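Text of my_file-v3.pdb, listed as PDB, C-alpha atoms and all ligand atoms:
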ATOM      1  CA  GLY W  11     147.045 127.085  67.924
ATOM      2  CA  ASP W  12     150.371 125.735  69.245
ATOM      3  CA  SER W  13     149.180 122.055  69.380
ATOM      4  CA  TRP W  14     147.514 119.912  66.667
ATOM      5  CA  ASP W  15     147.021 116.464  68.248
ATOM      6  CA  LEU W  16     143.692 114.849  69.331
ATOM      7  CA  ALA W  17     144.456 114.891  73.105
ATOM      8  CA  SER W  18     145.041 118.715  73.017
ATOM      9  CA  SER W  19     141.339 119.236  71.953
ATOM     10  CA  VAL W  20     140.042 117.648  75.196
ATOM     11  CA  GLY W  21     138.862 120.366  77.609
ATOM     12  CA  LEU W  22     140.579 120.734  81.001
ATOM     13  CA  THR W  23     137.141 120.421  82.726
ATOM     14  CA  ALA W  24     136.421 117.042  81.013
ATOM     15  CA  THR W  25     139.899 115.828  82.060
ATOM     16  CA  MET W  26     139.447 117.167  85.647
ATOM     17  CA  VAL W  27     136.074 115.395  86.205
ATOM     18  CA  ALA W  28     137.504 112.154  84.740
ATOM     19  CA  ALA W  29     140.497 112.354  87.117
ATOM     20  CA  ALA W  30     138.005 112.778  89.990
ATOM     21  CA  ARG W  31     136.031 109.672  88.804
ATOM     22  CA  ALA W  32     139.338 107.754  88.841
ATOM     23  CA  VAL W  33     139.992 108.846  92.442
ATOM     24  CA  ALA W  34     136.355 108.088  93.470
ATOM     25  CA  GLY W  35     136.568 104.590  91.969
ATOM     26  CA  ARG W  36     139.316 103.502  94.407
ATOM     27  CA  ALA W  37     137.353 104.485  97.559
ATOM     28  CA  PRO W  38     136.416 101.448  99.709
ATOM     29  CA  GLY W  39     132.654 101.044  99.180
ATOM     30  CA  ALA W  40     132.743 103.273  96.042
ATOM     31  CA  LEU W  41     129.334 103.675  94.412
ATOM     32  CA  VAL W  42     131.028 103.291  90.986
ATOM     33  CA  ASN W  43     134.494 102.611  89.562
ATOM     34  CA  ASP W  44     134.792 104.044  86.014
ATOM     35  CA  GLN W  45     137.719 101.722  85.147
ATOM     36  CA  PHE W  46     138.399 103.767  81.939
ATOM     37  CA  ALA W  47     138.811 107.201  83.686
ATOM     38  CA  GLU W  48     142.444 106.669  84.719
ATOM     39  CA  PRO W  49     143.679 105.340  81.327
ATOM     40  CA  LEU W  50     141.795 108.107  79.425
ATOM     41  CA  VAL W  51     143.306 110.799  81.688
ATOM     42  CA  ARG W  52     146.741 109.229  81.193
ATOM     43  CA  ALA W  53     146.226 109.407  77.389
ATOM     44  CA  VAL W  54     145.195 113.105  77.617
ATOM     45  CA  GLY W  55     148.659 113.670  79.140
ATOM     46  CA  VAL W  56     148.063 116.812  81.239
ATOM     47  CA  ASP W  57     150.584 115.880  83.955
ATOM     48  CA  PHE W  58     148.631 117.332  86.973
ATOM     49  CA  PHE W  59     145.531 115.283  86.079
ATOM     50  CA  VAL W  60     147.602 112.103  85.425
ATOM     51  CA  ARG W  61     149.065 112.440  88.966
ATOM     52  CA  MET W  62     145.566 113.081  90.379
ATOM     53  CA  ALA W  63     143.922 110.162  88.485
ATOM     54  CA  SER W  64     146.779 107.682  89.228
ATOM     55  CA  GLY W  65     146.948 108.541  92.992
ATOM     56  CA  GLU W  66     150.576 109.789  92.627
ATOM     57  CA  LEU W  67     149.058 113.017  93.993
ATOM     58  CA  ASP W  68     148.296 111.570  97.435
ATOM     59  CA  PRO W  69     145.545 113.442  99.359
ATOM     60  CA  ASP W  70     147.225 112.208 102.640
ATOM     61  CA  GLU W  71     150.260 114.386 101.701
ATOM     62  CA  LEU W  72     148.286 117.513 100.597
ATOM     63  CA  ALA W  73     147.533 120.618 102.701
ATOM     64  CA  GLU W  74     144.124 120.160 104.478
ATOM     65  CA  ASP W  75     142.244 122.572 102.113
ATOM     66  CA  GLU W  76     143.583 120.700  99.015
ATOM     67  CA  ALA W  77     143.013 117.200 100.498
ATOM     68  CA  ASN W  78     139.449 118.095 101.575
ATOM     69  CA  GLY W  79     138.708 119.764  98.198
ATOM     70  CA  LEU W  80     139.827 116.651  96.278
ATOM     71  CA  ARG W  81     137.908 114.207  98.542
ATOM     72  CA  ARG W  82     134.687 116.236  98.335
ATOM     73  CA  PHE W  83     135.004 116.600  94.511
ATOM     74  CA  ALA W  84     135.603 112.831  94.215
ATOM     75  CA  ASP W  85     132.399 112.250  96.285
ATOM     76  CA  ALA W  86     130.496 114.739  93.999
ATOM     77  CA  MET W  87     131.684 112.696  90.994
ATOM     78  CA  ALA W  88     130.727 109.396  92.763
ATOM     79  CA  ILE W  89     127.122 110.601  93.220
ATOM     80  CA  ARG W  90     126.985 112.168  89.700
ATOM     81  CA  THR W  91     128.396 109.058  87.961
ATOM     82  CA  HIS W  92     126.045 106.791  89.948
ATOM     83  CA  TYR W  93     123.073 109.056  89.104
ATOM     84  CA  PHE W  94     123.633 109.062  85.321
ATOM     85  CA  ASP W  95     124.599 105.350  85.219
ATOM     86  CA  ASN W  96     121.361 104.432  87.040
ATOM     87  CA  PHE W  97     119.382 106.792  84.759
ATOM     88  CA  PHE W  98     120.467 104.727  81.712
ATOM     89  CA  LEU W  99     120.093 101.336  83.429
ATOM     90  CA  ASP W 100     116.521 102.331  84.546
ATOM     91  CA  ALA W 101     115.686 103.603  81.000
ATOM     92  CA  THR W 102     116.819 100.356  79.274
ATOM     93  CA  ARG W 103     115.109  98.265  82.009
ATOM     94  CA  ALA W 104     111.908 100.169  80.953
ATOM     95  CA  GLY W 105     112.363  99.075  77.275
ATOM     96  CA  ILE W 106     114.262 102.103  75.825
ATOM     97  CA  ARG W 107     116.757 100.907  73.178
ATOM     98  CA  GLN W 108     118.101 104.263  71.910
ATOM     99  CA  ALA W 109     120.400 106.445  74.062
ATOM    100  CA  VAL W 110     122.154 109.734  73.290
ATOM    101  CA  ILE W 111     125.116 111.108  75.272
ATOM    102  CA  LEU W 112     125.363 114.897  74.550
ATOM    103  CA  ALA W 113     128.908 116.398  74.719
ATOM    104  CA  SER W 114     130.071 112.833  75.495
ATOM    105  CA  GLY W 115     133.726 113.907  76.147
ATOM    106  CA  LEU W 116     135.439 111.168  78.232
ATOM    107  CA  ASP W 117     132.180 109.365  79.286
ATOM    108  CA  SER W 118     132.921 105.601  79.125
ATOM    109  CA  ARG W 119     129.312 104.317  79.552
ATOM    110  CA  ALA W 120     129.279 102.705  76.032
ATOM    111  CA  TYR W 121     132.265 100.604  77.255
ATOM    112  CA  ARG W 122     131.383  99.846  80.900
ATOM    113  CA  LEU W 123     127.552  99.652  81.361
ATOM    114  CA  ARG W 124     125.475  96.581  80.507
ATOM    115  CA  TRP W 125     123.151  97.485  77.550
ATOM    116  CA  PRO W 126     120.527  95.046  76.295
ATOM    117  CA  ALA W 127     121.064  93.490  72.827
ATOM    118  CA  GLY W 128     119.606  95.884  70.232
ATOM    119  CA  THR W 129     120.461  99.065  72.159
ATOM    120  CA  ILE W 130     122.134 101.802  70.103
ATOM    121  CA  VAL W 131     124.106 104.463  71.994
ATOM    122  CA  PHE W 132     124.830 107.683  70.066
ATOM    123  CA  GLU W 133     127.589 110.018  71.360
ATOM    124  CA  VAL W 134     127.615 113.651  70.208
ATOM    125  CA  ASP W 135     130.697 115.893  70.556
ATOM    126  CA  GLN W 136     133.178 117.982  68.594
ATOM    127  CA  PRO W 137     135.129 115.772  66.184
ATOM    128  CA  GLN W 138     138.631 115.840  67.812
ATOM    129  CA  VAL W 139     137.204 114.796  71.235
ATOM    130  CA  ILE W 140     135.036 112.058  69.599
ATOM    131  CA  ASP W 141     138.078 110.779  67.649
ATOM    132  CA  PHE W 142     140.341 110.994  70.754
ATOM    133  CA  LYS W 143     138.210 108.785  72.963
ATOM    134  CA  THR W 144     137.393 106.193  70.235
ATOM    135  CA  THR W 145     141.035 105.757  69.172
ATOM    136  CA  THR W 146     142.304 105.677  72.779
ATOM    137  CA  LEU W 147     139.912 102.994  74.018
ATOM    138  CA  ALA W 148     140.388 100.901  70.806
ATOM    139  CA  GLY W 149     144.168 100.993  71.469
ATOM    140  CA  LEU W 150     143.616  99.833  75.100
ATOM    141  CA  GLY W 151     141.586  96.839  73.750
ATOM    142  CA  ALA W 152     138.358  98.039  75.403
ATOM    143  CA  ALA W 153     135.563  97.108  72.991
ATOM    144  CA  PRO W 154     132.214  98.902  73.382
ATOM    145  CA  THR W 155     129.505  96.907  75.294
ATOM    146  CA  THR W 156     126.829  98.155  72.841
ATOM    147  CA  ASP W 157     126.230  99.259  69.239
ATOM    148  CA  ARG W 158     127.914 102.699  69.624
ATOM    149  CA  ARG W 159     127.680 105.435  66.958
ATOM    150  CA  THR W 160     129.506 108.736  67.144
ATOM    151  CA  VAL W 161     128.200 112.011  65.826
ATOM    152  CA  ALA W 162     131.225 114.284  65.283
ATOM    153  CA  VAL W 163     129.432 117.658  65.428
ATOM    154  CA  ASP W 164     129.838 120.310  68.148
ATOM    155  CA  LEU W 165     126.515 120.939  69.990
ATOM    156  CA  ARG W 166     126.781 124.543  68.655
ATOM    157  CA  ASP W 167     126.382 123.184  65.021
ATOM    158  CA  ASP W 168     123.620 121.122  63.291
ATOM    159  CA  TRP W 169     124.027 117.920  65.377
ATOM    160  CA  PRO W 170     120.351 116.798  64.920
ATOM    161  CA  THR W 171     120.869 116.368  61.139
ATOM    162  CA  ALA W 172     124.138 114.424  61.779
ATOM    163  CA  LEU W 173     122.409 112.285  64.496
ATOM    164  CA  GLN W 174     119.622 111.318  61.955
ATOM    165  CA  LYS W 175     122.433 110.482  59.404
ATOM    166  CA  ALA W 176     124.009 108.082  61.980
ATOM    167  CA  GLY W 177     120.679 106.130  62.094
ATOM    168  CA  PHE W 178     118.879 107.828  65.038
ATOM    169  CA  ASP W 179     115.140 106.968  64.884
ATOM    170  CA  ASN W 180     112.969 109.874  66.128
ATOM    171  CA  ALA W 181     109.861 107.561  66.245
ATOM    172  CA  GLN W 182     111.139 105.345  69.155
ATOM    173  CA  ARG W 183     111.744 106.386  72.780
ATOM    174  CA  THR W 184     115.176 107.913  73.528
ATOM    175  CA  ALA W 185     117.151 108.240  76.786
ATOM    176  CA  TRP W 186     119.226 111.496  76.609
ATOM    177  CA  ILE W 187     121.892 112.787  79.010
ATOM    178  CA  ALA W 188     123.571 116.204  79.164
ATOM    179  CA  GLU W 189     126.036 115.741  82.065
ATOM    180  CA  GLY W 190     128.320 118.583  83.224
ATOM    181  CA  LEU W 191     127.080 120.898  80.411
ATOM    182  CA  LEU W 192     124.062 123.218  81.198
ATOM    183  CA  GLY W 193     125.958 125.454  83.726
ATOM    184  CA  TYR W 194     128.494 126.340  81.009
ATOM    185  CA  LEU W 195     125.677 127.378  78.573
ATOM    186  CA  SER W 196     124.103 130.807  78.049
ATOM    187  CA  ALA W 197     120.317 131.047  78.691
ATOM    188  CA  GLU W 198     119.827 131.033  74.875
ATOM    189  CA  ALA W 199     122.110 127.979  74.306
ATOM    190  CA  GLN W 200     120.320 126.060  77.107
ATOM    191  CA  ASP W 201     116.835 126.739  75.637
ATOM    192  CA  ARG W 202     118.094 125.767  72.108
ATOM    193  CA  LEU W 203     119.490 122.415  73.339
ATOM    194  CA  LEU W 204     116.227 121.625  75.221
ATOM    195  CA  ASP W 205     114.215 122.539  72.033
ATOM    196  CA  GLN W 206     116.445 120.123  70.007
ATOM    197  CA  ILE W 207     116.005 117.262  72.522
ATOM    198  CA  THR W 208     112.222 117.828  72.654
ATOM    199  CA  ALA W 209     111.897 117.994  68.811
ATOM    200  CA  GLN W 210     113.645 114.571  68.438
ATOM    201  CA  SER W 211     111.759 112.883  71.365
ATOM    202  CA  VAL W 212     108.524 110.851  71.366
ATOM    203  CA  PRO W 213     106.422 110.454  74.546
ATOM    204  CA  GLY W 214     108.089 108.117  77.056
ATOM    205  CA  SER W 215     111.510 109.503  76.110
ATOM    206  CA  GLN W 216     113.692 110.408  79.122
ATOM    207  CA  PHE W 217     116.351 113.074  79.793
ATOM    208  CA  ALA W 218     118.774 113.572  82.686
ATOM    209  CA  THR W 219     120.793 116.741  83.375
ATOM    210  CA  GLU W 220     121.800 119.138  86.197
ATOM    211  CA  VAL W 221     120.401 122.453  87.396
ATOM    212  CA  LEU W 222     123.092 124.646  89.031
ATOM    213  CA  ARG W 223     120.430 126.477  91.060
ATOM    214  CA  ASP W 224     122.888 128.762  92.960
ATOM    215  CA  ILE W 225     124.845 130.175  89.959
ATOM    216  CA  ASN W 226     123.093 133.559  89.809
ATOM    217  CA  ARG W 227     123.745 137.264  90.507
ATOM    218  CA  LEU W 228     122.705 136.900  94.209
ATOM    219  CA  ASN W 229     125.558 134.418  94.936
ATOM    220  CA  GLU W 230     128.026 135.614  92.210
ATOM    221  CA  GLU W 231     130.611 137.247  94.516
ATOM    222  CA  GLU W 232     130.533 134.357  97.025
ATOM    223  CA  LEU W 233     130.928 131.710  94.280
ATOM    224  CA  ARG W 234     133.614 133.774  92.458
ATOM    225  CA  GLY W 235     135.491 133.796  95.864
ATOM    226  CA  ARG W 236     135.276 129.988  96.045
ATOM    227  CA  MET W 237     136.448 129.717  92.419
ATOM    228  CA  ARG W 238     139.417 132.121  92.995
ATOM    229  CA  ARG W 239     140.541 130.140  96.099
ATOM    230  CA  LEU W 240     140.271 126.922  94.059
ATOM    231  CA  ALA W 241     142.204 128.504  91.132
ATOM    232  CA  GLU W 242     145.007 129.332  93.561
ATOM    233  CA  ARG W 243     145.179 125.694  94.801
ATOM    234  CA  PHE W 244     145.372 124.505  91.145
ATOM    235  CA  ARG W 245     148.197 127.023  90.358
ATOM    236  CA  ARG W 246     150.277 125.508  93.244
ATOM    237  CA  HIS W 247     150.206 122.170  91.305
ATOM    238  CA  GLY W 248     150.903 123.721  87.884
ATOM    239  CA  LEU W 249     147.337 124.038  86.519
ATOM    240  CA  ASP W 250     145.802 127.345  85.334
ATOM    241  CA  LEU W 251     142.002 126.833  85.537
ATOM    242  CA  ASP W 252     139.673 129.711  86.655
ATOM    243  CA  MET W 253     136.081 128.258  86.677
ATOM    244  CA  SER W 254     134.665 131.846  87.100
ATOM    245  CA  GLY W 255     135.109 132.580  83.351
ATOM    246  CA  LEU W 256     133.313 129.368  82.295
ATOM    247  CA  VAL W 257     129.903 129.718  84.109
ATOM    248  CA  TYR W 258     127.038 132.156  83.283
ATOM    249  CA  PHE W 259     125.763 134.143  86.330
ATOM    250  CA  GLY W 260     122.939 135.787  84.299
ATOM    251  CA  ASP W 261     119.167 135.244  84.245
ATOM    252  CA  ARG W 262     117.688 132.119  82.579
ATOM    253  CA  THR W 263     114.550 129.970  82.554
ATOM    254  CA  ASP W 264     115.118 127.129  85.064
ATOM    255  CA  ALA W 265     115.546 124.014  82.836
ATOM    256  CA  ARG W 266     112.752 122.358  84.858
ATOM    257  CA  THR W 267     110.308 125.146  83.898
ATOM    258  CA  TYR W 268     111.449 124.957  80.241
ATOM    259  CA  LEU W 269     110.981 121.136  80.172
ATOM    260  CA  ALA W 270     107.550 121.356  81.929
ATOM    261  CA  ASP W 271     106.421 123.977  79.329
ATOM    262  CA  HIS W 272     107.508 121.519  76.519
ATOM    263  CA  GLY W 273     105.435 118.613  78.085
ATOM    264  CA  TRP W 274     108.070 116.849  80.296
ATOM    265  CA  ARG W 275     107.470 115.634  83.892
ATOM    266  CA  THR W 276     110.616 116.224  86.032
ATOM    267  CA  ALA W 277     112.087 114.825  89.277
ATOM    268  CA  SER W 278     114.823 116.778  91.186
ATOM    269  CA  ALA W 279     117.413 115.042  93.427
ATOM    270  CA  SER W 280     119.639 117.413  95.376
ATOM    271  CA  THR W 281     123.360 116.789  95.979
ATOM    272  CA  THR W 282     122.534 117.296  99.701
ATOM    273  CA  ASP W 283     119.941 114.472  99.696
ATOM    274  CA  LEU W 284     121.998 112.054  97.503
ATOM    275  CA  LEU W 285     125.093 112.471  99.733
ATOM    276  CA  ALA W 286     122.942 111.762 102.837
ATOM    277  CA  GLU W 287     121.269 108.721 101.169
ATOM    278  CA  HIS W 288     124.734 107.294 100.315
ATOM    279  CA  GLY W 289     126.292 108.061 103.750
ATOM    280  CA  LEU W 290     128.870 110.558 102.286
ATOM    281  CA  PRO W 291     130.052 113.816 103.895
ATOM    282  CA  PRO W 292     128.038 116.980 103.151
ATOM    283  CA  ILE W 293     129.296 119.310 100.371
ATOM    284  CA  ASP W 294     128.520 122.922 101.301
ATOM    285  CA  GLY W 295     130.053 126.339 101.855
ATOM    286  CA  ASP W 296     133.588 126.533 100.458
ATOM    287  CA  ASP W 297     133.574 122.873  99.262
ATOM    288  CA  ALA W 298     130.730 123.702  96.781
ATOM    289  CA  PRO W 299     132.318 126.116  94.243
ATOM    290  CA  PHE W 300     129.172 125.897  92.049
ATOM    291  CA  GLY W 301     126.778 125.863  95.070
ATOM    292  CA  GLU W 302     124.087 123.154  95.326
ATOM    293  CA  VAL W 303     123.839 120.914  92.205
ATOM    294  CA  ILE W 304     120.312 119.563  91.478
ATOM    295  CA  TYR W 305     120.220 116.327  89.421
ATOM    296  CA  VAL W 306     117.113 116.218  87.167
ATOM    297  CA  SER W 307     115.406 113.304  85.389
ATOM    298  CA  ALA W 308     112.528 114.051  83.004
ATOM    299  CA  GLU W 309     109.970 111.962  81.031
ATOM    300  CA  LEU W 310     108.105 113.357  77.978
ATOM    301  CA  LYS W 311     104.286 113.102  78.424
ATOM    302  CA  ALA W 312     101.858 112.045  75.587
TER     303      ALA W 312
HETATM  304 MG    MG M   1     137.799 124.641 104.194
HETATM  305 MG    MG M   2     112.757 134.079  86.616
END
Rewrite the coordinates I just gave you, this time as structure tokens.
Amino acid sequence: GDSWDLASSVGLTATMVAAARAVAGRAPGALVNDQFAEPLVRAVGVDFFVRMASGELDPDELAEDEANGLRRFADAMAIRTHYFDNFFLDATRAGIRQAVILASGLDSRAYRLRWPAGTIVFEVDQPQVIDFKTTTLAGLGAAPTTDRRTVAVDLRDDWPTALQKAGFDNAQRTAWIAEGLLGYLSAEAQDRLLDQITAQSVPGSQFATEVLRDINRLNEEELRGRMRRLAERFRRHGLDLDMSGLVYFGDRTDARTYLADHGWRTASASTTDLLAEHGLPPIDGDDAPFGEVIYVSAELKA
């Protein structure tokens, strides 16, 4: 209530993952450099994340637990960014010309990926966050690399109706992503979003997302311990962010079951296997505050 401006609507978690993409992009041999992460974080103007994104916060100068936590998170964002980038590039290489980025936040893919002529990319998010990123990148002189259409409706509200109004065509194949979202949703909110995707999809449509397989009652106290130790490290640098209040530890239908029941084929790629494939250090125990993240790609069957 005490701020009114666009940048103050952007969630800390969106800003944090963008700052980590900025760090990842400077690594020698980086899988991906999101060249818009640093300037978007700077525009958000949360000082801690500006210092992180810019490299003013130097991991060589940090206590070992902080330096290791930042390097492993940057590697998690390297693999995640690579995964979702390659999902879209594979989908358009297979003839898909309609893409939807759900809760698009600070995702710069409509400005940095190659999209074939005739592609439309729809971005769905709450209006202030939509308006923030569009105005910020326009002011930096970064034109989109595709026909880009925003849908300024929170995923909690009637976004399908607004997506149709923006010119979405439910008769052609769609490539959907929901990146960094499903672990923050209730079981009911997850099933509703997967119903909405399915209802707007024709066969040959594709969807990529994550399954946070370890966020459950079995592992709750261990993961809450990781999240409290991380919260303490953030407080030392002037950020108040307790991830434990943002995740749901309760029962749910695994998204992969839910998709299979709705007629999707799925393919699961573990963080463990993607880090090994790309020659990066393992992310486990204390360095995995959400446990093992499973990246999922799905195709709707006829
Ligand atoms: Mg340690
Ligand atoms: Mg069960």
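Those residues returned by the PyMOL selection byres (((chain W and resi 231-243) around 7) and not hetatm) for this file are residues 76, 229, 230, 244, 245, 246, 250, 251, 252, 253, 254, 296, 299 and 300 of chain W.
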So how far away is CA of residue 281 (chain W) from CA of residue 102 (chain W), in Å? 24.3 Å
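The coordinates place CA of residue 277 (chain W) at 14.9 Å from CA of residue 186 (chain W).
Among all protein and nucleic acid residues, the ones that lie within 10 Å of ligand MG 1 (chain M) when counting all atoms listed in the file are residues 74, 75, 76, 77, 78, 79, 294, 295, 296 and 297 of chain W.
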Which residues of chain W come within 10 Å of ligand MG 2 (chain M), and what is each one's closest atom pair and distance in Å (one decimal), counting all atoms listed in the file, sorted by chain and residue number, as a tab-separated table?
residue	atom	partner	partner_atom	distance
W:261	CA	M:MG2	MG	6.9
W:262	CA	M:MG2	MG	6.7
W:263	CA	M:MG2	MG	6.0
W:264	CA	M:MG2	MG	7.5
W:267	CA	M:MG2	MG	9.7
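If you apply the PyMOL selection byres (((chain W and resi 97) around 9) and not hetatm) to this structure, you end up with residues 92, 93, 94, 95, 96, 98, 99, 100, 101, 102, 185, 187, 216, 217, 218 and 307 of chain W.
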Residue nearest residue 147 (chain W) among W:131, W:308, W:50, W:256 (counting all atoms listed in the file): W:50
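Rounded to one decimal, CA of residue 126 (chain W) and CA of residue 113 (chain W) lie 23.0 Å from each other.
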Suppose a student applies the PyMOL selection byres (((chain W and resi 15) around 12) and not hetatm) to this structure; what residues should they get, written as a PyMOL selection string? chain W and resi 11-14+16-20+53-55+138-139+141-142
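Around the coordinate (125.6, 118.5, 64.5), residues that reach within 12 Å when counting all atoms listed in the file are residues 112, 113, 133, 134, 135, 136, 137, 160, 161, 162, 163, 164, 165, 166, 167, 168, 169, 170, 171, 172, 173, 174, 175, 176, 203 and 206 of chain W.
With distances taken over all atoms listed in the file, W:273 is the one residue among W:69, W:273, W:292, W:128 lying closest to residue 208 (chain W).
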List the neighbours of residue 89 (chain W) out to 12 Å using all atoms listed in the file; skip same-chain residues closer than 2 positions along the sequence, and give me the result as a PyMOL selection string. chain W and resi 30-31+34-35+40-43+82-87+91-96+279-293+303-305
Using all atoms listed in the file, the best pick from W:271, W:68, W:157, W:220 as closest to residue 189 (chain W) would be W:220
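Shortest atom-to-atom contact with residue 63 (chain W) among W:80, W:32, W:88, W:249: W:32, counting all atoms listed in the file.
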